[PDB]
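Protein chains in written order, with the authors' numbering: chain B, 451 to 1021; chain A, 451 to 1021.
Reading through the structure tokens given below for one structure.
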Ligand code: NA
């Protein structure tokens, strides 16, 4: 109820200091380096992708600042501070819709977006007052996993989409004809039967004496007269990249084989435990390090994550921090209630589901946890980031899970080679702080990531997407389609529910994935969070479609390993 | 004594028909398909490499003809049908020196080599008459593993090394730095301040008015015209290749990863076992299938394997069948006894050590073998090859072993995935025949391998090298010196033979390996076989340096498999 959220803080304050001294060097150092690089790339790409859309009033710097701020407060005042936030599809689409709505009565974007951001923030406060942890517990595995797994796959989907997309901006000579190598050339030249736009572009910009200069230009230079890249070395607007496409694929493919090699070192027998694990958690940093040397030696001009080195608010119509919201006539502010209310619901439900996925019996919880405090800290930080007109980041699934696995407490007497002991997972509360502090300080740090190529981070991302789901029981079953039925291990959840019913839960769950997939692909697509509601309604039905016993074997709330221990000790 | 190799044939007669009907498709098909390709490129690089050496007296086709016969007869008429007689170092150097010796008193090269070939054939005939078999016992695991490990290590190195050479002969740019890509050029041009060498080459070949040609000649034409390549894309003699390095590396890595993935699919569990196992054997065939297709589609010119379709003598002044030697001074033929005596010794020991390495009991077969038959068919094949003026071939290590490992019976009764029972190996002896049958018929066909570039054959080569060294006990151990003794792998040495004693033995084995290694690298390298002699002498000394019980564990002529059975049935 109202004033019952105090109990969360009271129940985490004795533990608060005790969770700093928990932290160690040689593990956290590595986790911080890993998450620092990981977290930086989506913020910048998102900031840019969003920059074009909301017409140059938002850019890399605005996303960097809001992201620094958010990370610093979240890692301090969260009742589950192990979620490492990252943007999602509803925000990106929502902003575009806000933008399309903001093409009439469009006197300031910023004042309208602060009014919308404030209404949804304050509403998130109204939700934590009433009924934020009075319904949350009604959920079960079907829906939480349908949501988690589907999202995780998109993580992989855009890792690949990122690579294939590059393939469009970097083409190749499709048959080299080396004998004709010395004949290859490409020069810029004037349009032949030129379009009006090229025509208008040339006239109104006033370029004098272009003929002495048109015989050969640099790559940027031709793009500014809009001329044809004519030659036998031109098959697309972008010249024929010799090697970027095919090196990029080598970087991409080598990372996903090598990164998996490094994380499985933990169970190797060739060393004692002390030099083993410590090679197996520097992994992402070593893969960044070696692909960096290979790229340095044999110089392919492969893309990198670039960050600007100039510090400013963009468009000269922003202060660093700007309070005023007067320009829109007053009524629009009142009219914003219906979108901000749809958003407070999508934001609320995203957050809470993600909290449910952290607060399972996987990634064991040692101490108590709070829903209301978690929601409180996103709601206050959403309100202030919106008050400074900066980008929003919401608790993402795969990021939280990989953050939680990198730092971890493990036994002092490990079995010879085989049988590593999980023995919990760490919560420090200081690397989350430092990551977003050091990424805040990287407005003027441009050298460190510029070298770090884009492809190696893309592999890191896809590997991340794959390894989060090794603990999600559903994917295991998804991969059981071509597998025979006598070939699996004991898997108690298989022995007392028929094969026909196992496949039948996988087909239906897969149907709702396919259903999500098409709603995501609609030119609206914001129904998706609210779809988790329907996945609960339908779920209840299924007790009658199939026996209640028949779901107490799969969705069963306690994890499969424990029930294997339990049922074997009964017999 | 004499006529004592007859027992081998008497012991190979009973099995004769049963070892064709033993033969089964898809485990033999795939092996043939991978080998056909593998063996042709091996006898093609050695025939063209001898061609430059013998001023075009011996050709690759002469090499194809000798190879087709050498293999065809051997797989019919030997005592081990899984040995493949490959293009080996000793031949080349012998032929060099011989060519160098036939510059004083060397009117004819072909007749002199044929006389030596008949003499060394003859020397193996008196050797094979008496005691070919008895002296085999003096060779043991020490020497054979030392010898073998080095050969496989070298083979792996020249897979990688050959690839480096391709990048060296098709030069690459350190940095493209794309903006100036379009600015780059290189055109052929007349030599300025011409060197005496190109001055001379130009003059005597009589090619007038090259100035009108040298505005811009093609890469092939300029590179044999000794003209200077002048431009910004020529830092060196030839323009930088856009795509050859990265495409060759993609074929190389890809082939090395997919064949080893596929070959371990036996111990994966995605399908019923019967349809599982068939896929793994053809994987080499599958890597070939898909890479030929991919290169067919988007082409990157890279060197491709061609064979002379035209069936002829070389230089059109030498008869096919040639003639019996007679023109040379009679005495030179008698003088050839000493070089040929040297040759016989090395040929007998090189042959015999490879045959010992195949006829291990960890390499056991459900059939016999005959050393004396193998030398005998080698001796016939050595005389006929020499009388017809063709290249000789001595037993190569990796080819014979990758044959053996590629086809092996393995049980399908096993538990799914892990533990596929070893159940001996497979010696049908019908694939060797079928390989060499198809390259014999594929001497006037060239269309088959013109569409397979070298790099993919090189990735096959790297897979051959890595997978081959399975059976070598020593290399396993070298890789266990890092492993501690807390959870050390089960090697017999820990309780029966002290770590100190295993180490002293491995260090002395390694020193004699490094000594065989420097000997190989020596500008003679005739001395490589006689060293094997020394490896015995040194073996004897240790009979006073150590108890004999403590060395019967790793140099046993009964495998570990038997010791594991014995020592487990005692306790
Ligand atoms: Na999300």
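Beta carbons: idealized from backbone N, C-alpha and C, even for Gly.
- In chain order, 751 make up the part of chain B whose C-beta sits under 7 Å from the C-beta of residue 627 of chain A.
- Against chain A, the CB of residue 640 of chain B has no partner CB under 8 Å away; the residue lies outside that interface.
- Taking all protein chains in view, the Cβ of residue 809 of chain A is crowded by 16 or more other Cβ atoms within 10 Å, so the residue is classified as buried.
- Judged by pairs of C-beta atoms under 8 Å, the region 694-702 of chain B does not touch the region 651-670 of chain B, as fewer than three such pairs exist.
- Put simply, the CB of residue 720 of chain A is near chain B, with a gap under 8 Å to one of its CB atoms.
- Of A/865, A/905, A/815, the smallest CA-CA separation from residue 939 of chain B is found for A/865.
- Excluding the 5 residues flanking it on each side, residue 867 of chain A has same chain C-beta neighbours closer than 8 Å at 717, 718, 719, in chain order.
- Residue 693 of chain A reaches chain B at 622, 623, 626, 692, 693, 696, counting residues in chain order whose Cβ is nearer than 8 Å.
- At a C-beta separation below 8 Å, residue 668 of chain B has these neighbours in chain A: 629, 630, 632, 633.
- Comparing alpha carbon positions, the residue from B/902, B/709, B/537 closest to residue 797 of chain B is B/537.
- Counting along the chain, the unbroken beta strand (DSSP E) around residue 681 of chain B starts and ends at 678-681.
- Put simply, the region 884-903 of chain B touches the region 511-521 of chain B. At least three CB pairs are less than 8 Å apart.
- Beyond the five residues adjoining it in sequence on each side, residue 610 of chain B comes within less than 8 Å, by CB distance, of 912 in the same chain, given in chain order.
- At a threshold of 7 Å, residue 488 of chain B does not count as near the ligand NA, since its beta carbon sits no closer than that to any of the ligand's heavy atoms.
- Looking at the DSSP output, residue 625 of chain A shares a beta bridge with B/749.
- Considering only beta carbons, the part of the region 934-957 of chain A lying closer than 9 Å to chain B consists of 934, 936, 937, 938, 939, in chain order.
- Looking at the DSSP output, residue 535 of chain B sits in a beta bridge with B/845.
- For residue 932 of chain A, the nearest CB of chain B lies under 8 Å from its own CB, placing it at the interface with that chain.
- C-alpha of residue 624 of chain A to C-alpha of residue 586 of chain A: approximately 54 Å in a straight line.
- For the C-beta of residue 699 of chain A, the chain B residues within less than 8 Å are, from N- to C-terminus, 700.
- Neighbours of residue 575 of chain B in chain A, taken as residues at a C-beta separation under 8 Å, are lacking, since the least C-beta distance is about 51 Å.
- Under the criterion of beta carbons closer than 8 Å, residue 915 of chain A and residue 566 of chain A do not qualify as touching, at roughly 33 Å.
- Taking the beta carbon of residue 471 of chain B as reference, no residue of chain A falls within 9 Å; the closest one sits roughly 32 Å away.
- With a contact defined as Cβ atoms closer than 8 Å, residue 512 of chain A and residue 840 of chain A qualify at about 5 Å.
- Residue 482 of chain B counts as buried, since at least 16 other C-beta atoms from the protein chains shown sit within 10 angstroms of its C-beta.
- For residue 707 of chain A, the residues of chain B that pass the 9 Å Cβ criterion are 703, 707, in the order they occur in the chain.
- Using a Cβ-Cβ cut-off of 8 Å, residue 636 of chain A counts as an interface residue toward chain B, since at least one Cβ of chain B sits closer than that to its own.
- The contact set of residue 689 of chain B on chain A, defined by CB atoms closer than 8 Å, consists of 628, 631, 632 in chain order.
- Beta-bridge analysis with DSSP links residue 903 of chain A to A/754.
- In the DSSP annotation of this structure, the continuous segment of the alpha helix (DSSP H) that includes residue 699 of chain B starts and ends at 694-713.
- Residue contact check for residue 748 of chain A against chain B: a CB pair falls below 8 Å.
- In this structure, residue 856 of chain A sits away from residue 873 of chain A, with a CB-CB distance that is not shorter than 8 Å.
- Assigned with DSSP and collapsed to three states, residue 665 of chain A falls in coil, not helix or strand.
- Beyond the five residues adjoining it in sequence on each side, residue 528 of chain B comes within less than 6 Å, by CB distance, of 824, 827 in the same chain, given in chain order.
- Within 9 Å of the CB of residue 866 of chain A, the CB atoms of chain B belong to 934, 936, 937, 938, in sequence order along the chain.
- Rounded to whole angstroms, residue 833 of chain B and residue 794 of chain B show a C-alpha spacing of 12 Å.
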